Structure formats: C-alpha cells, structure tokens
Amino acid sequence: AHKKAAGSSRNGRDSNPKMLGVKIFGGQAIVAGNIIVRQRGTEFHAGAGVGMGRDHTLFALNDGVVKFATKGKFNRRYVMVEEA
Amino acid sequence: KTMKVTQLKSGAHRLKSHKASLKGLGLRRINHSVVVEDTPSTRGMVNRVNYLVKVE
RNA sequence: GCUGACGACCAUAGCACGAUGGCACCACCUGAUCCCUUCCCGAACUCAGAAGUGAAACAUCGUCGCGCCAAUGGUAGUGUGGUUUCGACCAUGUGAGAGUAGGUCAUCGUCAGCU
RNA sequence: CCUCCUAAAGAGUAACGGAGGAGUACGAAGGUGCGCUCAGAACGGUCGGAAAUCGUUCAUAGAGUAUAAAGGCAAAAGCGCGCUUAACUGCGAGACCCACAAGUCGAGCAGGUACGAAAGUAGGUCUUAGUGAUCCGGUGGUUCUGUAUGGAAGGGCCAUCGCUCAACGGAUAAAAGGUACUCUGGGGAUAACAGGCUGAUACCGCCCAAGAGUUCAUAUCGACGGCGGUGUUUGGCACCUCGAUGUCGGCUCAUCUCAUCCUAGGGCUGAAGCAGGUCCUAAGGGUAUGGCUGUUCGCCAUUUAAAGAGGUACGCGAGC
RNA sequence: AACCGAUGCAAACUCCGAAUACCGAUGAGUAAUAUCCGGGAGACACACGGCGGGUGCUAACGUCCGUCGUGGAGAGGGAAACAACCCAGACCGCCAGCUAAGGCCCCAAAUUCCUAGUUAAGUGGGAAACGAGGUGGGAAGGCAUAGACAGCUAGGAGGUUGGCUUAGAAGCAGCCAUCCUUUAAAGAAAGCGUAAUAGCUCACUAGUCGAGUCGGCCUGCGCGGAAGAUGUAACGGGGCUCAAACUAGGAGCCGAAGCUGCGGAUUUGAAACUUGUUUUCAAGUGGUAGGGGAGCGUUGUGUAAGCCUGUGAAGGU
RNA sequence: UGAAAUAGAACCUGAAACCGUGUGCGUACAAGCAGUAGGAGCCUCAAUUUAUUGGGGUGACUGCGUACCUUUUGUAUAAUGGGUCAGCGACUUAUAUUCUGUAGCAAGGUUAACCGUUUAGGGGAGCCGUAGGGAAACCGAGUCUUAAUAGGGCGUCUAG
C-alpha cells in the first residue's frame with residue numbers, strides 16, 4: 001500500500017426515506033381528511049379549509065378543490081381547499 | 001377534414017409514447033397509410049413521431 | 001376634501017430626505033382618588049380627565065439618492081430525431097440567470113365621523 | 001434508528017461513497033390565559049477590563065429553539081408569569097406510507113376536566129432519532145370459562161412489567177477453537193500461475209528552458225513544469241480455465257524485436273592525435289569462463305571486439 | 001482583521017431558475033386498454049450501447065445507482081470476421097417487385113455517374129504537446145516609379161570605455177537612464193567574437209537595377225513528432241491519385257426473412273342454413289423459463305366365440 | 001431327409017454397430033462441422049417413333065455455412081458429457097385437501113365400516129351445505145366493543 005496514505009473513514013450509514021412532499025396538487029378534487037402535504041416545518045401553511053397536524057401535515061378539513069397561493073405579508077406558501 | 005399519414009421507418013424500437021403515438025393514429029407497420037382527421041390533437045401525434053411518419 | 005376602524009394586496013406598496021395638518025379625529029398631554037398595573041418603576045398596562053402642543057409619533061404630499069420591479073435582443077441549458085473528433089453540432093420545440101433600456105414614492109373594498 | 005449530500009426540480013433509488021447524531025430528557029421543559037422580544041455594534045457610566053450590571057441609538061433574527069442536522073418558527077414553535085393535569089377514557093370519517101408485520105396524520109362525536117370574560121384551545125413537548133415481534137413468566141382488574149355438581153385451581157379478556165434478543169424480522173433457555181492427518185459435494189458465480197482489458201505506476205521518447213558547464217541554456221547534463229509511445233515494472237479488474245492451463249531456477253534447443261553491446265557508415269563535439277561523448281543509419285553476423293548463493297539477479301576474479309535490452313504461457317518438465 | 005470597489009469558485013452554498021418528468025382537468029380520434037377476483041408458474045448470477053452521476057485515473061469488456069435501447073429469450077441485411085452497435089421483428093411456399101441501414105472499379109449485386117472544388121501525404125487507411133517558408137481560401141492592413149522587398153556597392157560615426165558593478169564589464173555578464181552632436185544614416189546597440197579590448201556583421205542611410213511587395217490574423221486539407229517482438233499485418237484483399245480519397249450538391253441503381261404481389265395454413269374477434277355448415281372480413285401467428293390448448297404412437301382390458309391370417313400373422317427389410 | 005437345410009445342430013426370426021466382395025459414378029493443383037441451394041457431365045430403368053421427358057445413382061464447378069447437449073451475461077469455443085450400436089434408464093403410488101371441468105341429484109347432497117346368494121339391495125352412524133358475531137358466556141340477521149341505541153369492526157341481501 002505504498003505511500004500508506006489510505007485508511008478507514010467510517011461514515012457509511014444513512015436514515016430511511018420519509019416520503020415527504022405534495023400529495024395532492026392544485027386544482028384536484030379532495031375529500032375531508034385527505035393529506036395534502038407531508039413536510040418538515042411549515043414549508044406550506046394551512047389556509048382556509050386546511051388543517052395542520054402535529055407533524056406539520058396539511059390535510060383537508062372539508063371537501064372541495066385544493067388550491068395553492070402565495071399570500072400574506074411574509075410571502076408564505078399557503079394551501080387552501082376551495083368549496084368547488 | 002382529414003389527412004393521410006404513412007409510416008416510413010419502423011416503430012418497433014421507439015420510446016413507449018412514440019410507440020403509442022403510432023398506435024393513436026392507426027399505423028401498424030412500415031408503409032401503412034391511414035386517413036385520420038386533421039385536428040390539433042391528431043397533428044400532435046404526428047408531431048411526436050415526425051421522424052417516423054409523413055403527411056401526404 | 002380629510003380623519004379613524006377593519007380588510008384586499010404584500011416593496012412598482014419599502015427606505016431615506018423635505019414640506020403640510022390640529023375645526024372633528026388621532027397623537028402626545030394632566031393627574032394617580034378609583035378599577036387595574038410594576039420580579040422596582042402610572043415606562044408599558046389601567047382609570048379619571050381636557051391646561052398645553054402638533055415637538056415627537058401618525059397621516060398626507062413631493063423626489064429617483066437607495067432599495068424594489070423590469071423588458072427587447074442575445075447567450076447558457078434542454079425534450080425529441082440525427083451526427084460527432086465526446087468538446088460539441090444539425091433539425092425541430094422550448095428557453096433562463098446575469099446584465100442593459102426602462103418603470104416605481106402603489107392600488108382597491110366596507111363602515112363611521114368632520115367638510 | 002435519525003439528519004444532509006450522492007438522488008438526475010414529485011416519491012423512491014446503490015456502493016467497505018462523503019459528512020454528522022441516536023439507544024435520551026422533562027409533572028414542567030406538558031395544557032391554557034395573559035404578557036414580552038433576540039445576537040451584536042457604538043456612546044455615557046464606581047470598582048469594571050475586550051466582555052458582568054445600568055442607560056441611550058441602530059438592529060427580520062446575523063440570537064434562541066433540552067438534544068445532531070435539515071426544514072421551520074412574529075399569530076412567534078423563542079422568553080416570562082398565574083392557574084392547572086388533555087402526558088384524559090371510548091373512539092374515530094378520511095388519508096399518507098406500506099410485501100407482510102408494522103408505522104404516520106387526522107377533523108368530528110360522547111363522557112369527564114383544565115385554562116379563558118368568552119369565541120375557544122388542549123388526546124404531551126417545533127417536527128423528523130431516543131427503539132425490539134412472538135413465546136413464556138409476573139402483577140393490577142374482570143363474570144367470561146370452570147372436565148359429575150357447588151366452588152376452587154388453571155385458562156380467557158382488558159391493563160401493565162421482565163431483552164445491547166445491538167448479528168437490532170429476534171434459529172436454542174443454554175456454545176469456543178485446530179487440521180500440513182484430513183475427507184465429501186460444488187464453483188472459473190471466487191482467489192494464487194499464465195492469457196485478456198487498462199495503463200495509475202514503471203520504462204523509453206519528445207516540448208519549454210532556470211541553471212550547471214571558468215565564458216556559454218541547448219559539446220554534455222536538464223531544475224520547475226507539459227505532451228506522448230510501449231506493454232515493460234509495481235498495480236487495478238475478475239473476462240477464460242477449479243469434471244486440473246504444473247511453480248522458480250538450471251540443462252538442452254531455440255525463434256523474433258530493435259529502444260544497438262561489438263563490428264559497419266555518418267553529423268555535431270568543450271573533435272589536435274590516441275582515445276572518447278552524444279545523436280542519426282544499421283538486426284548481417286557475433287555477443288565468455290569461473291567463485292558465492294536453489295537462485296533469476298547481484299557482488300567479485302580473470303578475460304573479450306563486445307560480454308546488449310527485451311518478447312516468445314516471466315519460450316522450452318507428454319525434452320531432461 | 002474588517003469596510004468599500006473590481007474579480008473568480010463550491011455535492012453536503014442559493015438572491016434565482018428551466019426543459020423534461022410527475023400529479024390532476026377537459027376534449028377528439030385511434031387502440032386486442034385499465035382494474036378486481038381466483039388456478040398455475042417461473043424469476044429474485046444479468047450483460048452491453050447511450051444519457052445523468054458516485055467510486056476509480058471523466059482507466060478498465062471495472063464497479064455501484066437512475067434512465068432508455070438491444071441481448072437474454074431474436075433469426076434476416078450492414079459493421080471483413082463481431083450476443084449487447086445501425087437497419088429491421090422470421091406462419092409456410094415462389095427462379096416476382098419496391099425499399100431500410102449500408103453500398104455501386106474487381107473479388108462481389110449495383111455509377112470507372114454528373115457538377116464545383118480540396119489533397120500529393122497512399123493522407124484517406126491509428127496517435128498528442130509542440131515545430132515548419134506545404135497548399136487553397138477569407139477579412140483586413142504596412143510599403144511602392146517622391147523607385148517598394150531581396151541582392152550588390154559605400155558608409156554604419158563623434159562625446160563615450162554612458163553611469164554602476166566587477167579581476168575584467170569598453171554596444172553586446174548583470175542593474176539604472178535612452179542623452180546629445182556631424183548628419184542622407186548610424187541603437188548609450190539586434191547578433192557573432194574577446195579574459196577585457198580588438199575584429200566581423202546587423203539595425204539605419206545613400207547609390208545600382210527596375211514592379212509589385214512585406215508581415216501578422218482566421219478557415220480547409222496536408223507534413224514531422226511516430227520504436228516491438230511467428231509474416232506483409234493500423235483500407236478485409238486486389239488495387240486506387242482531374243480517385244476507386246475528402247467537401248458540398250444532383251440523378252440512377254443494388255441492397256433484408258422489412259413492405260407489396262400470388263398461393264396455402266393457423267389464433268382471436270365479427271353478420272348470419274349455424275356447434276368445421278358454410279362464404280367471408282379484421283387484427284394477429286420469433287421465442288428461453290413458464291402457463292394454456294389440441295393430438296400421434298406403443299403395451300394391456302372390454303367391444304371380440306367378432307374381423308383378418310399357411311392364397312401367409314407378428315417381426316425384419 | 002424334410003414343406004423349408006442361408007431350419008444342419010453356436011441350428012426359429014436374424015435388426016444395428018462393425019467388417020468384407022461386386023457393380024455404377026466421383027476423386028491424385030486442392031485448404032476447414034463435410035451439409036445445403038444451384039449445377040455440367042456420366043451411368044441405369046419406363047414410356048415415347050427414337051436422346052424427348054420422367055424415375056434412380058453419382059456430384060466436376062459456384063454461393064452460403066465454426067457439431068450437439070449442459071451451464072451461462074455471454075460458448076465454434078481451447079468449458080461439461082458422450083467411442084459406436086442395441087436393449088434398459090428418471091414426475092409414481094396411497095391418503096388428505098383446494099381449485100377447475102363434467103355427470104347425477106339439488107335446499108339439499110352423500111353414506112362409511114359392515115350385512116349381503118357380494119359392482120345389486122340394505123346400512124343415515126357420520127360428513128359437507130343451509131348464519132353470523134364474539135376470547136367466551138351469550139345473542140342471532142345481526143353481533144362485538146362501549147356508559148352510549150353514537151361511531152366503528154366483522155356479517156346480511158343463496159347452490160350446494
């Protein structure tokens with residue numbers, strides 16, 4: 001192993017996937033209880049008709065059509081369920 | 001109105017959607033000519049496989 | 001015409017600088033008995049009020065100094081088919097970011113009050 | 001098991017790929033109501049400074065968030081105070097994820113509360129790690145069963161306890177080695193020889209020219225660097241052969257290459273001559289014997305015009 | 001150190017930010033669809049060529065992912081020969097035709113085809129940095145009958161051996177200026193030379209001759225760099241030079257098991273004398289593991305106390 | 001002698017591998033899985049008014065063409081196995097169970113051991129189906145969980 005410069009560097013572990021992201025995209029029909037976004041933190045915020053879980057999960061409080069918009073003074077990404 | 005479409009090259013080794021664009025027009029083999037309505041929906045099938053087909 | 005409340009929108013709306021406003025409204029303001037306040041403090045909160053003042057704040061107006069927004073064109077990338085010396089190139093369809101010309105001192109809704 | 005990247009803008013995605021954490025903590029660090037805003041910099045001020053505490057001006061987080069990282073966080077999820085136990089019970093429409101077993105989110109309903117004046121909020125904590133099936137055994141409850149009958153024992157149901165079962169889907173409650181004395185079934189799925197691919201490394205050549213050469217880069221040599229050729233060293237891979245391709249060296253017998261050791265022909269020379277040094281051409285021939293060591297090699301002795309470098313299964317054991 | 005201004009870079013940086021891909025909606029046309037339930041499996045050694053990466057050396061016919069195509073399990077034509085590359089998916093038969101990739105001088109089917117050029121290296125038909133006055137073309141330039149480039153003749157000088165440094169540094173080891181004078185011109189010198197001088201050139205000027213010339217840039221195709229082992233041996237071969245090479249066009253033709261033509265079989269579905277009762281039509285018919293369907297033959301039993309058989313059974317050939 | 005004697009005692013039949021003899025054709029200038037598609041010549045039979053076809057044998061010459069099996073990502077492979085021939089040689093049987101087809105009966109179907117003068121006839125013990133829920137008691141088109149009549153789980157509204 002001339003120059004002898006190699007050697008073990010133990011960093012060969014990782015965690016399992018979490019399957020996060022948008023589950024139902026804009027303009028889709030949705031029923032109450034359907035999960036819309038699984039996320040870490042509030043990447044998207046719960047608008048009218050959308051609830052927020054302890055996991056930060058966004059779900060439909062009532063049936064309708066899911067809609068995405070950037071609203072508010074913070075330019076936050078909101079998800080709403082419009083009664084349509 | 002309609003249009004005449006003819007397959008010049010084989011569609012046997014193409015992408016899955018290019019294969020299904022040939023089958024969406026009614027083309028089954030090389031040098032097979034079909035008549036099909038000239039609408040933007042059917043012309044977009046021709047667009048997807050323009051290297052394969054020829055519109056008379 | 002202006003003021004206040006609550007909204008839409010979330011910088012072309014902000015920042016900065018200057019000017020205007022006290023009849024209403026607002027704000028400072030007086031006082032601390034009372035309700036209520038302070039790990040101390042009537043500072044904030046709360047009350048009782050009207051001597052003073054638009055100084056601050058606030059609102060409105062003005063501007064390009066900043067910030068923000070922003071083309072046209074070109075370039076980069078790229079789906080598909082082909083070619084390649086593997087860098088890329090051709091056909092077709094897309095097409096940025098940066099930068100430039102330029103724009104900007106917002107725009108509306110409901111209600112109430114003075115005029 | 002968790003976080004980031006690899007991961008190719010949905011999910012997922014491997015490597016003995018690059019980086020880090022976990023096997024906890026907390027009856028408040030949970031719930032609610034109310035209230036608050038940080039890190040820094042500068043100025044002024046007793047000890048007291050660079051920085052303790054105080055006052056002032058800027059100050060969308062340059063701080064904090066119990067714990068790594070990512071994503072979040074002003075209605076603060078950050079920081080205090082009062083009262084508290086929702087860190088409830090029975091559930092749960094509907095979804096995410098998923099081979100299964102599992103895991104995740106969840107409005108709403110009923111009962112009993114906690115805080116709030118109330119609308120309300122609360123089924124633990126900003127989230128994602130903090131974990132382990134079944135069997136068996138224990139404990140708290142229960143009318144379910146109760147081997148003739150009444151009991152009881154035992155069992156069932158509900159709740160809970162006992163795992164570095166950490167090789168973490170856990171083979172048993174219970175477990176190390178040696179074999180050159182070995183053996184069987186297989187594999188060129190997988191190593192050692194040789195071939196193949198590759199050429200990092202090696203060897204050889206070229207480019208540049210700092211310099212050495214008393215002067216003078218280029219007679220000769222070529223620092224720092226650059227570009228190739230060969231298969232030729234040390235390697236990388238595992239493509240061929242494990243129902244067998246014999247290992248090194250010697251002997252015998254070779255065959256080829258040229259990057260030429262001698263002899264032959266040349267240019268330059270720091271070539272006076274004699275001898276050389278480089279480079280070009282050239283493969284026709286030739287190119288030792290010994291001491292040591294199994295050696296190839298290497299050192300040494302004595303020669304020779306010279307004692308070449310290599311390929312040939314590191315040529316050649318159905319030739320020794 | 002910072003702070004300002006120019007200026008780069010980053011998988012675990014992002015003020016930004018596609019194309020695709022993915023999740024939905026609506027709508028035509030085309031399509032042997034999608035989904036669910038059950039019987040039977042096989043497979044869980046993959047490989048190469050692209051594309052995006054990690055690893056390795058942007059090494060490997062390496063390795064590990066993602067994604068596509070092909071092979072696996074796929075014949076045919078082309079790539080000389082060549083599972084994985086290109087064209088193309090073999091039901092069977094034909095001494096019919098058109099084409100794809102690739103090709104058309106001969107081996108060997110089809111152009112010694114046409115037009116305009118390039119190459120002189122057999123480049124084509126291996127190989128780089130780098131070198132060169134090969135050759136063609138294109139944008140510009142400088143100079144020129146007020147005699148241009150080259151040659152030849154003459155001069156190329158004086159302060160001064162510039163100062164310093166140095167043994168020596170005298171144009172010419174090296175460091176700091178680039179000055180002035182006779183000038184038509186002559187550098188405080190671009191080389192050779194000397195220990196230093198000396199010496200020979202050059203730049204530059206005048207003369208002679210007389211017409212175009214000089215040097216950079218870009219583009220195409222060439223040249224050198226270029227040395228290996230059984231034998232040419234790095235176009236498959238022959239051979240090829242106004243090509244039989246290359247570039248840009250054009251027209252023919254050859255060329256496959258592709259397509260069409262003719263005949264025949266077969267699977268599935270479709271209108272009916274309706275179970276193959278008949279005539280057709282449409283789409284199909286490569287195939288390993290494997291799943292499904294339909295049959296052939298052999299020995300024996302009943303049919304069979306039959307039928308056949310010495311006018312010759314079985315078996316053999 | 002015998003019907004037969006290539007039925008003659010190694011005796012029925014007498015295959016193949018393998019070995020001879022005879023006839024016809026080809027073969028001593030040409031490179032390879034030995035064939036295949038063409039194809040001249042020669043030889044031999046049957047017709048035919050006489051070389052014209054047809055059948056048979058041979059195969060000069062041309063094109064194409066690297067056995068089979070196994071195992072593999074991939075084999076002409078210089079990977080395995082086989083010298084050849086003949087004969088033999090590997091998915092069975094018993095029971096249970098599930099699905100499919102078919103037949104009989106059909107809200108029913110069917111008997112087993114046995115007896116029997118025995119494939120009949122008898123034998124209904126048993127099994128499957130027709131009801132599920134719940135650990136179970138228990139209830140039943142409902143039932144379980146629950147304080148709940150709410151919610152939810154599992155069932156329901158025939159063919160065996």
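All values below were derived from every heavy atom in this structure, side-chain atoms included, with hydrogens, water molecules and symmetry-related copies excluded. Chain naming here is simple, since letters A, B, ... match the order of the sequence lines and numbering starts at 1 in each.
- Atom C1' of D:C197 sits at a distance of 47 Å from the matching atom of D:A129, rounded to the whole Å.
- Nearest to the side-chain atoms of A:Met19 among the listed nucleotides C:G81, D:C97, D:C5 stands D:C97.
- For A:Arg54 against D:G124, no side-chain N or O and base N or O form a donor-acceptor pair under 3.5 Å.
- With hydrogens and angles left out, the side chain of A:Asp14 and the base of D:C5 share a donor-acceptor pair within 3.5 Å.
- A donor-acceptor contact under 3.5 angstrom links the side-chain atoms of A:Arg38 to the base of D:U104.
- Under the 3.5 Å distance criterion, the side-chain polar atoms of B:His32 are matched with a main-chain donor or acceptor of B:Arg28.
- Closest approach to the A:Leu61 side chain among D:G18, D:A107, D:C97 is made by D:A107 (side chain taken as heavy atoms from C-beta onward).
- Taking only distance into account, the side chain of B:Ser41 meets the base of E:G27 through a donor-acceptor pair shorter than 3.5 Å.
- The base of E:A28 has none of its N or O atoms less than 3.5 Å from a complementary donor or acceptor on the side chain of B:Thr42.
- Ring-plane geometry between A:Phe68 and A:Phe44 is classed as perpendicular, the angle between the planes exceeding 60 degrees on a 0 to 90 degree scale with a lower cut at 30.
- Considering only side-chain atoms of A:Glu43, the nucleotide from D:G71, D:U60, D:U3 that sits closest is D:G71.
- Taking the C1' atoms as reference points, D:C256 lies 41 Å from D:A209, given to the whole Å.
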